[PDB]
Amino acid sequence: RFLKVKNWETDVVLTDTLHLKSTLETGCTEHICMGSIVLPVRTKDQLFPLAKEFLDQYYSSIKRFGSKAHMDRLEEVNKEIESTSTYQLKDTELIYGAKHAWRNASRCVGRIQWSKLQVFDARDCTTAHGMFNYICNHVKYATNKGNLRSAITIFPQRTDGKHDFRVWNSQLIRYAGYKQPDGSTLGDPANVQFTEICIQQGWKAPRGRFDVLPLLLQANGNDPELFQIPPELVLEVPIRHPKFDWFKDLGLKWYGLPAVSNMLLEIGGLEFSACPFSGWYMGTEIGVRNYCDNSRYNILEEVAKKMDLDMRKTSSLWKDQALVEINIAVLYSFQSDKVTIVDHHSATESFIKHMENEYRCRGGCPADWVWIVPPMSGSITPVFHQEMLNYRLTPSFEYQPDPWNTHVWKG
Amino acid sequence: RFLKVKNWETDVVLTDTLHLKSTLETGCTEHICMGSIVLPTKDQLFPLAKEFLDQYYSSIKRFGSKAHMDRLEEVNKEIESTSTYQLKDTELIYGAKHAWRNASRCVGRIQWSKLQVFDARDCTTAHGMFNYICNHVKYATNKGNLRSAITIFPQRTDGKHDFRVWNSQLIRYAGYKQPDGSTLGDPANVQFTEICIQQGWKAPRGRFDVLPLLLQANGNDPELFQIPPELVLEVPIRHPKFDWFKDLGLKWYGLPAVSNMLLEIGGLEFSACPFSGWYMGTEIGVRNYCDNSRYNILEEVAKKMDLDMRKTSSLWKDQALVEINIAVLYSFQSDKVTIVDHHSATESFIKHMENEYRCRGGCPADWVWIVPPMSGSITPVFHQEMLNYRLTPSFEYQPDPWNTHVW
Ligand code: HEM
Ligand code: HEM
Ligand SMILES: Cc1ccnc(CCCCCO[C@H]2CNC[C@H]2Cc2cc(C)cc(N)n2)c1
Ligand SMILES: Cc1ccnc(CCCCCO[C@H]2CNC[C@H]2Cc2cc(C)cc(N)n2)c1
Ligand SMILES: C[C@H](O)[C@H](O)[C@H]1CNc2nc(N)[nH]c(=O)c2N1
Ligand SMILES: C[C@H](O)[C@H](O)[C@H]1CNc2nc(N)[nH]c(=O)c2N1
Ligand SMILES: [Zn+2]
């Protein structure tokens, strides 16, 4: 079967066949769409088909499908599964698999970049100290003094589900949040609960507005351990505005390195529960969401007060006005310090070229419109006007429950 | 089977049960989401009639009463004998209000129970259609104090006698492709303008020419009528700070009046059912003015503001966008023509969703349409999970009449 998508600005129509390779389920049915819902231990029996389907894809991609090497590898994996209940990926398969999980991530606007990903194989790691070292090397490499390079570090896969590797941080670099007795929050409200865990685990909190959190790292199902990232490895950008000289005195800064650490990477039915990955920011992530969400730094009012905007009626668009100036400030600041960042115009235009290329060479590009459209100025970006199809391909990144909810404390 | 929706700003979780009463199909499957796609007999009729009459009688707390049973009987008898049936006035009004209540793409549904219904089922000719539509236009406009209204022409019979308003909205501007290669006016209406010209309209050939109505009665060939100019309330666009803004020569009409949809009530199909409310400011300022395939004015405005248009990263487009939208709202407000900004409208919709969840067990909503086309995440709907599903009575898209009509 063929599915068509239309761009309503260009009338360009594309045809999807790749959706036929999807088997995992969406949340939707013929009677309900769950497109805006945020969140909508394996047998031998289920594992070999998953391994086979992955190795078939890998061997096709290298133009060796049905070769002796392909068949010998299926045979070798089959025997390893029957003998040991699992199997190990070759380094080449791991690299391919991690690049493909990114290529297949339908909520990611930055996928034009998917084939340039540095993969750090950390499957020989055994302790939380070893994980700390691996993560430092990833941060230093990816940062590259501001010229950011995408990278992922892949710790040992799940075995019985009782020996998982996990990074408890949701991203490698994040700012502490502290709920005050008077109900206000100091620092980032998104990280209050994780900050509390850190403190209980014995972190000495500086209690400021931008305290970089310590890593909490679990190796081999053991209780997690605290480590502080060397501050010299944490690149930060003070935020200022090209015209408004009072903007700097808001005291805002942000970190350069966005590095998601709470997702699970599935390749060939194997589960990598600790696979931190990093790219670079699109400016709206910081300027729109991190600064302006009501439940985050929530700076809209203070900025609009300083701009002397008419704040008595929402219809003056004061919030929209302040929003744009904050976002100019973020892009200006990153650019002035030579830290990689991309604006939402450039990123979405590149995504559309990526998507057309995918349709032409791969037969499709699963994309989640709800997430791809930027959180400001939606319809003046080309993605707003682009019909998209969302479906689930493996290899994939997946959500997983936060580890403090599931961990069995050894004590 | 019982579904939860969460707001990620407030942590409020609501439980949806209303979706189980859902009838039509979404276009999604378990394998593929099509959430972003813009367009995804006597025997058939009585179940549809019964489903509707049951909900109606339920709504007036008379479910299972003799009057309920008697009406179901009357309607069964009428379909068996005539192949169709007629709605009572009370039913028609309930149906129309509920079609709006059910419109998953409409942010303005807090208003759904205040809808003036004009019953034009007695209409027989296109001149009649024109008269009904002028009265709707004048009633709804109410000298700038807009009032929601729908006018309902006769229902489909054998499908060869359809009433249709050929126009996509009662009030729209002409578009003309020029020797230049550019487009004069609204590029969204080029094809329809050509049809008008073909049918005999003398086009003034300007940037903002109000199109004539093309009305089809009883499946006859459509006829042209110009809406009295004095009934079309328009607003010149100016900016409260930028003196030069007025010289762009921009204006928009005050009354948004969708005329191309099909209203389905109790299985009956009302193919001409123009309805109107009032504008959310972004509809004009973001979409009508700034879409590349619409009036596409961003460049011209940015230039008048003397922004750095060298690099996308200076956010020149974003700056100009906010200003264009400030001007739209200020102009409508100064001239006292009802308008709502996207902040106030989405705040109201969240309140309406809570009402619907508490009082009805849910609210079908299409997030892709509900979130405004600028400043998405600074409106509360962005952080609200929504479930989209199709309830009847409903408004539905239908084929453009010119592809369907035989002359
Ligand atoms: C290289 C520059 C990149 C840019 C500009 C970028 C951009 C983005 C943005 C804006 C989002 C939405 C984030 C949000 O709203 O919180 C996102 C989501 C995501 N991206 Fe990327 N991305 C990049 C690289 C990467 C890399 C290297 C990977 C993995 C190898 C990745 C995988 C993902 C995944 C799995 C999501 C979904 C995250 C979630 O559900 O929490 N991206 N991307
Ligand atoms: C009273 C003020 C109203 C407001 C502020 C409002 C708001 C809106 C907005 C912003 C849209 C999206 C339009 C677009 O993006 O092109 C919309 C769509 C829609 N509304 Fe409303 N609305 C109002 C009244 C009504 C009424 C009175 C009805 C029916 C009686 C209605 C039914 C619909 C339907 C069916 C759609 C989807 C239209 C389509 O798919 O083309 N609305 N509404
Ligand atoms: C590699 C890269 C490049 C550019 N940006 C990034 C940062 C992405 C961070 C995502 C942060 O999102 C936070 C805030 N809201 C939901 C949460 C992420 C999330 C939450 C849930 C429940 C599910 C899910 N899939 N994803 C990473
Ligand atoms: C009553 C009211 C209140 C506020 N605004 C309005 C105006 C809505 C007009 C809708 C016109 O929009 C045009 C351009 N994009 C979608 C399209 C309407 C539409 C188009 C298509 C192809 C399908 C569909 N269901 N609906 C009406
Ligand atoms: C409820 C809704 O799906 C939620 O707020 C989503 C919307 N779109 C998003 N888009 C991105 N890129 N990131 C997000 O966190 C969200 N949040
Ligand atoms: C492809 C995509 O669905 C299309 O551009 C949509 C997005 N959201 C929209 N939202 C509204 N309110 N109106 C629209 O016309 C659209 N267009
Ligand atoms: Zn869906």
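These values consider heavy atoms only, across backbone and side chains, with no hydrogens, waters or symmetry-generated copies. Every chain is numbered from 1, with letters handed out A, B, ... down the list of sequences.
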Side-chain heavy-atom pair [X], [Y] within 4.5 angstrom cut-off:
{"X": "B:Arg358", "Y": "B:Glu354", "value": "no"}
{"X": "B:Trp201", "Y": "B:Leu211", "value": "yes"}
{"X": "B:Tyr132", "Y": "B:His136", "value": "no"}
{"X": "B:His342", "Y": "B:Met280", "value": "yes"}
{"X": "B:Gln86", "Y": "B:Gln155", "value": "yes"}
{"X": "A:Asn390", "Y": "B:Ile32", "value": "no"}
{"X": "B:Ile150", "Y": "B:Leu263", "value": "yes"}
{"X": "B:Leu115", "Y": "B:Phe275", "value": "no"}

Atom of [X], atom of [Y] and distance for their closest heavy-atom approach:
{"X": "A:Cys28", "Y": "A:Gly35", "result": "SG-N, 4.0 Å"}
{"X": "A:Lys4", "Y": "A:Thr15", "result": "CG-OG1, 4.1 Å"}
{"X": "B:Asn218", "Y": "B:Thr124", "result": "CB-O, 4.4 Å"}
{"X": "A:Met34", "Y": "A:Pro40", "result": "CE-CB, 3.9 Å"}
{"X": "B:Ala140", "Y": "B:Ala149", "result": "CB-CB, 4.4 Å"}
{"X": "B:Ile265", "Y": "B:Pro393", "result": "CG1-CB, 4.0 Å"}

I'd like to know if the side chain of [X] reaches the main chain of [Y], judged simply by a donor and an acceptor atom lying under 3.5 Å from each other, with no hydrogens or angles considered.
{"X": "A:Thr26", "Y": "B:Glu30", "answer": "yes"}
{"X": "B:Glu269", "Y": "B:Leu262", "answer": "no"}
{"X": "B:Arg109", "Y": "B:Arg101", "answer": "yes"}
{"X": "B:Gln398", "Y": "B:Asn260", "answer": "yes"}
{"X": "B:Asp209", "Y": "B:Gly206", "answer": "yes"}
{"X": "B:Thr141", "Y": "B:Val232", "answer": "no"}
{"X": "A:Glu387", "Y": "B:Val38", "answer": "yes"}
{"X": "B:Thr379", "Y": "B:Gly376", "answer": "yes"}
{"X": "B:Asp400", "Y": "B:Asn403", "answer": "no"}
{"X": "B:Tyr253", "Y": "B:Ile171", "answer": "yes"}

When rounded to the nearest 0.5 angstrom, what is the spacing between [atom1] in [X] and [atom2] in [Y]?
{"X": "B:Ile370", "Y": "B:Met386", "atom1": "CD1", "atom2": "CE", "value": "6.0 Å"}
{"X": "B:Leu213", "Y": "B:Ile133", "atom1": "CG", "atom2": "CD1", "value": "5.5 Å"}
{"X": "B:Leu233", "Y": "B:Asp335", "atom1": "CG", "atom2": "CG", "value": "8.0 Å"}
{"X": "A:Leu18", "Y": "A:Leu389", "atom1": "CG", "atom2": "CG", "value": "10.0 Å"}
{"X": "B:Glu264", "Y": "B:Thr392", "atom1": "CD", "atom2": "OG1", "value": "5.5 Å"}
{"X": "B:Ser276", "Y": "B:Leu146", "atom1": "OG", "atom2": "CG", "value": "7.5 Å"}

Return each pair, listed once, that meets ring-ring contact (aromatic ring centres under 6.0 Å, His included) where at least one residue sits in residues 72-102 of chain B; pairs must be two or more places apart or across chains.
B:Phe52-B:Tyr94, B:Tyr56-B:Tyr94, B:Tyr94-B:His98, B:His98-B:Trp112

The complete set of ring-ring contact (aromatic ring centres under 6.0 Å, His included) pairs with one or both residues in residues 1-40 of chain A, sequence neighbours excluded, reads none

Between the side chains of B:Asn167 and B:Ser259, does any donor sit under 3.5 Å from an acceptor?
no

Could you check whether atom NZ of B:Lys160 has more than 12 heavy atoms from other residues, nucleotides or ligands sitting under 6.0 Å from it?
no

Just wondering, are more than 12 heavy atoms of other shown residues or ligands nearer than 6.0 Å to NZ in B:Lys138?
no

Pairs of donor and acceptor atoms involving the side chains of residues 193-200 of chain B, under 3.5 Å and at least two apart or interchain, shall be tabulated with distances.
from, atom 1, to, atom 2, distance (Å)
B:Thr193, OG1, B:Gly175, N, 3.0
B:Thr193, OG1, B:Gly175, O, 3.3
B:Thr193, OG1, B:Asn189, O, 2.6

What pairs with [X] under salt bridge (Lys or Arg N to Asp or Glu O under 4.0 Å), at least two apart in sequence or on another chain?
{"X": "B:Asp162", "answer": "B:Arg156"}
{"X": "B:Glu396", "answer": "B:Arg390"}
{"X": "B:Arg287", "answer": "B:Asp291"}
{"X": "B:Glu91", "answer": "B:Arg71"}

Apply the test side-chain contact (heavy atoms from CB on, under 4.5 Å) to residues B:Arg164 and B:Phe153: give CA-CA distance (whole Å), side-chain angles for both, the deciding distance (0.1 Å), then the verdict.
CA-CA 9 Å; B:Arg164 290 296 296 274; B:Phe153 294 104; over 6 Å; no

I'd like to check the ring-ring contact (aromatic ring centres under 6.0 Å, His included) partners of B:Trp166; sequence neighbours left out, ordered by chain and number.
B:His405, B:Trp407

Quick one: list whatever passes ring-ring contact (aromatic ring centres under 6.0 Å, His included) with A:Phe384, sequence neighbours left out.
A:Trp369

Hey, mind stepping through B:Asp16 and B:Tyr357 against side chain to side chain donor-acceptor pair (under 3.5 Å) and telling me if it holds?
CA-CA 7 Å; B:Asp16 187 300; B:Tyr357 271 85; 3.1 Å; yes

Quick one, B:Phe332 with B:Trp252, criterion ring-ring contact (aromatic ring centres under 6.0 Å, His included). Give me CA distance, side-chain angles, the key distance, then yes/no.
CA-CA 9 Å; B:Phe332 272 66; B:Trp252 205 256; 9.4 Å; no

For B:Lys66, enumerate each residue passing the side chain to side chain donor-acceptor pair (under 3.5 Å) test, keeping only those at least two apart in sequence or located in another chain.
B:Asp70

Show me the donor-acceptor pairs within less than 3.5 Å that the side chains of residues 41-51 of chain B make with the rest of the protein, sequence neighbours left out.
from, atom 1, to, atom 2, distance (Å)
B:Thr41, OG1, B:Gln44, NE2, 3.3
B:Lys42, NZ, B:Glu80, O, 3.3
B:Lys50, NZ, B:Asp54, OD2, 2.8

Under-4.0 Å salt bridge between B:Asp119 and B:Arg121
yes

Where does the angle between the aromatic ring planes of B:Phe118 and B:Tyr139 fall among parallel (under 30°), tilted (30 to 60°) and perpendicular (over 60°)?
perpendicular

Indicate the ring-plane relationship of B:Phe192 and B:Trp402, choosing parallel, tilted or perpendicular according to the 30° and 60° boundaries.
tilted

Which salt bridge (charged side-chain N to carboxylate O under 4.0 Å, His left out) pairs, counting each pair once, include a residue from residues 5-14 of chain A, with sequence neighbours left out?
none

